[PDB]
Amino acid sequence: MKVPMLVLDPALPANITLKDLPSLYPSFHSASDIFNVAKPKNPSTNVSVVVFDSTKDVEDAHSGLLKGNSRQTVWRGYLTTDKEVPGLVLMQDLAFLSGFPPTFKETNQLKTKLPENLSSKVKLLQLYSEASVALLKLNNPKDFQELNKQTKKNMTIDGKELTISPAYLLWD
């Protein structure tokens, strides 16, 4: 699998939303979501990440910065579900979820019915409206590393258990 995102090396401050994004980021105007994060290997630097509809707006959005210089950086990133890429590595703040029932066709629904172990220092920002797979963002990978290899009953919705799926990081 793989999904169209861009990765950059900014720092937006805490105050900016989707509505103050295009204030300084004209070619990134087409997103519907944005999240502040650490850099994966330098916690002395914040960065941020974005979500776009498809390749069709992404390719052009990236093409924004192509005038030999910028105040910004762009890199590649492609999340996948498959353990079928050479060079793959586990994530550092990011996951999926599976196994929930079809009674779940909105984010707001599951937002407050995910179980404690996967509803502690985390958020949804990527669920299918019609298909049955979700992504996740976490903030405490300290314990995610332990959850990732847990071995007991803890998740339930409508009396039916679930699990979490793996996630891996691919740059180009």
# chains A, B, ... in the order shown; residues from 1 in each chain; ligands from 1
call {"tool": "closest_atom_pairs", "arguments": {"of": "segment 67-162 of chain A", "to": "segment 18-25 of chain A", "cutoff": "12 Å", "atoms": "only C-alpha atoms", "output": "CSV"}}
result
residue,atom,partner,partner_atom,distance
A:70,CA,A:25,CA,11.4
A:71,CA,A:24,CA,10.6
A:72,CA,A:25,CA,9.9
call {"tool": "residues_around", "arguments": {"residues": "segment 129-144 of chain A", "least_positions_apart": "4", "cutoff": "8 Å", "atoms": "only C-alpha atoms", "output": "PyMOL selection string"}}
result
chain A and resi 92-100+102+105-106+121-125+148
call {"tool": "atom_distance", "arguments": {"atom1": "atom CA of residue 158 of chain A", "atom2": "atom CA of residue 82 of chain A"}}
result
28.1 Å
call {"tool": "select_by_dssp", "arguments": {"residues": "chain A", "states": "strand (DSSP E or B)", "output": "ChimeraX atom specification"}}
result
/A:5-8,33-38,46-51,74-77,80,89-90,94-98,122-123,127,134-138,157,160,163,168-169
call {"tool": "atom_distance", "arguments": {"atom1": "atom CA of residue 112 of chain A", "atom2": "atom CA of residue 169 of chain A"}}
result
27.5 Å
call {"tool": "residues_around", "arguments": {"residues": "segment 113-119 of chain A", "least_positions_apart": "5", "cutoff": "8 Å", "atoms": "only C-alpha atoms", "output": "JSON, numbers by chain"}}
result
{"A": [147, 154, 155, 156, 157]}
call {"tool": "residues_around", "arguments": {"residues": "segment 46-54 of chain A", "least_positions_apart": "6", "cutoff": "10 Å", "atoms": "only C-alpha atoms", "output": "list in words"}}
result
residues 3, 4, 5, 6, 7, 8, 9, 10, 11, 12, 13, 18, 28, 29, 30, 31, 32, 33, 34, 35, 36, 37, 38, 39, 40, 61, 125 and 126 of chain A
call {"tool": "write_last_selection", "arguments": {"atoms": "N, CA, C and O atoms", "output": "mmCIF file, in the first residue's frame"}}
result
data_model
loop_
_atom_site.group_PDB
_atom_site.id
_atom_site.type_symbol
_atom_site.label_atom_id
_atom_site.label_comp_id
_atom_site.auth_asym_id
_atom_site.auth_seq_id
_atom_site.Cartn_x
_atom_site.Cartn_y
_atom_site.Cartn_z
ATOM 1 N N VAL A 3 0.260 6.044 0.768
ATOM 2 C CA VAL A 3 -0.712 7.146 0.702
ATOM 3 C C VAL A 3 -0.008 8.471 0.388
ATOM 4 O O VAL A 3 1.094 8.699 0.881
ATOM 5 N N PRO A 4 -0.627 9.368 -0.403
ATOM 6 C CA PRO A 4 -0.070 10.680 -0.698
ATOM 7 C C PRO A 4 -0.099 11.570 0.545
ATOM 8 O O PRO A 4 -1.165 12.037 0.950
ATOM 9 N N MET A 5 1.071 11.822 1.130
ATOM 10 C CA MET A 5 1.309 12.965 2.005
ATOM 11 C C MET A 5 2.569 13.683 1.520
ATOM 12 O O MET A 5 3.348 13.134 0.731
ATOM 13 N N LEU A 6 2.779 14.900 2.017
ATOM 14 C CA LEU A 6 4.056 15.597 1.986
ATOM 15 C C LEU A 6 4.583 15.627 3.406
ATOM 16 O O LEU A 6 3.815 15.573 4.368
ATOM 17 N N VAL A 7 5.896 15.742 3.516
ATOM 18 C CA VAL A 7 6.610 15.928 4.758
ATOM 19 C C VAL A 7 7.463 17.163 4.501
ATOM 20 O O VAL A 7 7.923 17.386 3.380
ATOM 21 N N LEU A 8 7.606 18.006 5.512
ATOM 22 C CA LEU A 8 8.336 19.257 5.440
ATOM 23 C C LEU A 8 9.189 19.339 6.699
ATOM 24 O O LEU A 8 9.129 18.454 7.561
ATOM 25 N N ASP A 9 9.995 20.390 6.827
ATOM 26 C CA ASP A 9 10.776 20.596 8.043
ATOM 27 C C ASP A 9 10.538 22.003 8.614
ATOM 28 O O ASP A 9 11.499 22.743 8.840
ATOM 29 N N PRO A 10 9.274 22.415 8.854
ATOM 30 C CA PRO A 10 8.948 23.749 9.345
ATOM 31 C C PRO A 10 9.226 23.840 10.847
ATOM 32 O O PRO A 10 9.724 22.913 11.470
ATOM 33 N N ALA A 11 8.811 24.940 11.459
ATOM 34 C CA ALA A 11 8.173 24.909 12.762
ATOM 35 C C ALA A 11 7.041 25.920 12.663
ATOM 36 O O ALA A 11 7.293 27.102 12.426
ATOM 37 N N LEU A 12 5.793 25.462 12.720
ATOM 38 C CA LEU A 12 4.674 26.333 13.037
ATOM 39 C C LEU A 12 4.606 26.430 14.557
ATOM 40 O O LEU A 12 4.896 25.439 15.232
ATOM 41 N N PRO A 13 4.182 27.570 15.113
ATOM 42 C CA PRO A 13 3.936 27.682 16.531
ATOM 43 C C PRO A 13 2.589 27.033 16.866
ATOM 44 O O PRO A 13 1.760 26.775 15.985
ATOM 45 N N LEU A 18 -5.605 25.305 10.373
ATOM 46 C CA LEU A 18 -5.886 25.301 8.937
ATOM 47 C C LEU A 18 -6.261 26.682 8.403
ATOM 48 O O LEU A 18 -6.060 26.932 7.215
ATOM 49 N N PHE A 28 0.258 25.143 0.016
ATOM 50 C CA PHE A 28 -0.296 24.103 0.889
ATOM 51 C C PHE A 28 -1.755 24.384 1.275
ATOM 52 O O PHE A 28 -2.298 23.722 2.165
ATOM 53 N N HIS A 29 -2.404 25.351 0.622
ATOM 54 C CA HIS A 29 -3.759 25.779 0.928
ATOM 55 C C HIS A 29 -4.821 24.666 0.844
ATOM 56 O O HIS A 29 -5.861 24.805 1.487
ATOM 57 N N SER A 30 -4.593 23.571 0.109
ATOM 58 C CA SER A 30 -5.615 22.569 -0.184
ATOM 59 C C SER A 30 -5.775 21.502 0.906
ATOM 60 O O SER A 30 -6.629 20.629 0.746
ATOM 61 N N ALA A 31 -4.979 21.496 1.985
ATOM 62 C CA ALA A 31 -5.083 20.498 3.021
ATOM 63 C C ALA A 31 -6.399 20.680 3.763
ATOM 64 O O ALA A 31 -6.993 21.762 3.727
ATOM 65 N N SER A 32 -6.786 19.664 4.527
ATOM 66 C CA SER A 32 -7.871 19.776 5.487
ATOM 67 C C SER A 32 -7.420 19.482 6.909
ATOM 68 O O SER A 32 -8.250 19.606 7.809
ATOM 69 N N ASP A 33 -6.143 19.148 7.126
ATOM 70 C CA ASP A 33 -5.681 18.839 8.488
ATOM 71 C C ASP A 33 -4.175 19.061 8.586
ATOM 72 O O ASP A 33 -3.465 19.008 7.574
ATOM 73 N N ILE A 34 -3.696 19.362 9.793
ATOM 74 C CA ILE A 34 -2.326 19.741 10.095
ATOM 75 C C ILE A 34 -2.058 19.350 11.549
ATOM 76 O O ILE A 34 -2.943 19.501 12.394
ATOM 77 N N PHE A 35 -0.868 18.859 11.887
ATOM 78 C CA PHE A 35 -0.534 18.509 13.267
ATOM 79 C C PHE A 35 0.932 18.838 13.524
ATOM 80 O O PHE A 35 1.787 18.556 12.685
ATOM 81 N N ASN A 36 1.200 19.501 14.652
ATOM 82 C CA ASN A 36 2.543 19.803 15.146
ATOM 83 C C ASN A 36 3.111 18.548 15.799
ATOM 84 O O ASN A 36 2.358 17.793 16.416
ATOM 85 N N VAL A 37 4.415 18.328 15.655
ATOM 86 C CA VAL A 37 5.108 17.127 16.096
ATOM 87 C C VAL A 37 6.563 17.464 16.445
ATOM 88 O O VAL A 37 7.038 18.569 16.167
ATOM 89 N N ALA A 38 7.293 16.491 16.994
ATOM 90 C CA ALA A 38 8.750 16.503 17.018
ATOM 91 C C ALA A 38 9.288 16.009 15.672
ATOM 92 O O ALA A 38 8.624 15.218 14.988
ATOM 93 N N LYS A 39 10.522 16.386 15.322
ATOM 94 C CA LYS A 39 11.288 15.661 14.307
ATOM 95 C C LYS A 39 11.626 14.278 14.892
ATOM 96 O O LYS A 39 11.929 14.191 16.084
ATOM 97 N N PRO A 40 11.653 13.196 14.094
ATOM 98 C CA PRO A 40 11.761 11.830 14.602
ATOM 99 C C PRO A 40 13.091 11.548 15.301
ATOM 100 O O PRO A 40 13.136 10.642 16.140
ATOM 101 N N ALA A 61 1.168 21.031 -4.998
ATOM 102 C CA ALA A 61 1.487 21.666 -3.716
ATOM 103 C C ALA A 61 2.994 21.655 -3.446
ATOM 104 O O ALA A 61 3.577 22.672 -3.053
ATOM 105 N N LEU A 125 -7.477 11.229 13.288
ATOM 106 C CA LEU A 125 -7.589 12.262 12.261
ATOM 107 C C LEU A 125 -7.664 11.637 10.859
ATOM 108 O O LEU A 125 -7.298 12.291 9.883
ATOM 109 N N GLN A 126 -8.057 10.359 10.752
ATOM 110 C CA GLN A 126 -8.036 9.598 9.508
ATOM 111 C C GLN A 126 -8.851 8.304 9.700
ATOM 112 O O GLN A 126 -8.310 7.312 10.186
#
call {"tool": "residues_around", "arguments": {"residues": "residue 84 of chain A", "least_positions_apart": "6", "cutoff": "12 Å", "atoms": "only C-alpha atoms", "output": "mmCIF file with N, CA, C and O atoms, in the first residue's frame"}}
result
data_model
loop_
_atom_site.group_PDB
_atom_site.id
_atom_site.type_symbol
_atom_site.label_atom_id
_atom_site.label_comp_id
_atom_site.auth_asym_id
_atom_site.auth_seq_id
_atom_site.Cartn_x
_atom_site.Cartn_y
_atom_site.Cartn_z
ATOM 1 N N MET A 1 0.856 -1.199 0.000
ATOM 2 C CA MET A 1 0.000 0.000 0.000
ATOM 3 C C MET A 1 0.889 1.245 0.000
ATOM 4 O O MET A 1 2.106 1.101 -0.080
ATOM 5 N N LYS A 2 0.333 2.460 0.023
ATOM 6 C CA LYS A 2 1.035 3.730 0.267
ATOM 7 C C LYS A 2 0.001 4.856 0.210
ATOM 8 O O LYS A 2 -1.040 4.654 -0.419
ATOM 9 N N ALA A 167 2.246 -0.181 11.809
ATOM 10 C CA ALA A 167 2.484 0.916 10.873
ATOM 11 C C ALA A 167 3.991 1.011 10.635
ATOM 12 O O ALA A 167 4.754 0.794 11.583
ATOM 13 N N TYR A 168 4.426 1.397 9.430
ATOM 14 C CA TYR A 168 5.844 1.540 9.100
ATOM 15 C C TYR A 168 6.114 2.848 8.354
ATOM 16 O O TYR A 168 5.220 3.395 7.706
ATOM 17 N N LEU A 170 8.314 4.951 5.492
ATOM 18 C CA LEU A 170 9.046 4.875 4.225
ATOM 19 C C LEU A 170 9.276 6.304 3.741
ATOM 20 O O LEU A 170 8.308 7.011 3.455
#
call {"tool": "closest_residue", "arguments": {"among": "A:91, A:85, A:55, A:65", "to": "residue 41 of chain A", "atoms": "only C-alpha atoms"}}
result
A:91
call {"tool": "select_by_dssp", "arguments": {"residues": "segment 52-96 of chain A", "states": "helix (DSSP H, G or I)", "output": "list in words"}}
result
residues 55, 56, 57, 58, 59, 60, 61, 62 and 63 of chain A
call {"tool": "atom_distance", "arguments": {"atom1": "atom CA of residue 44 of chain A", "atom2": "atom CA of residue 64 of chain A"}}
result
27.3 Å
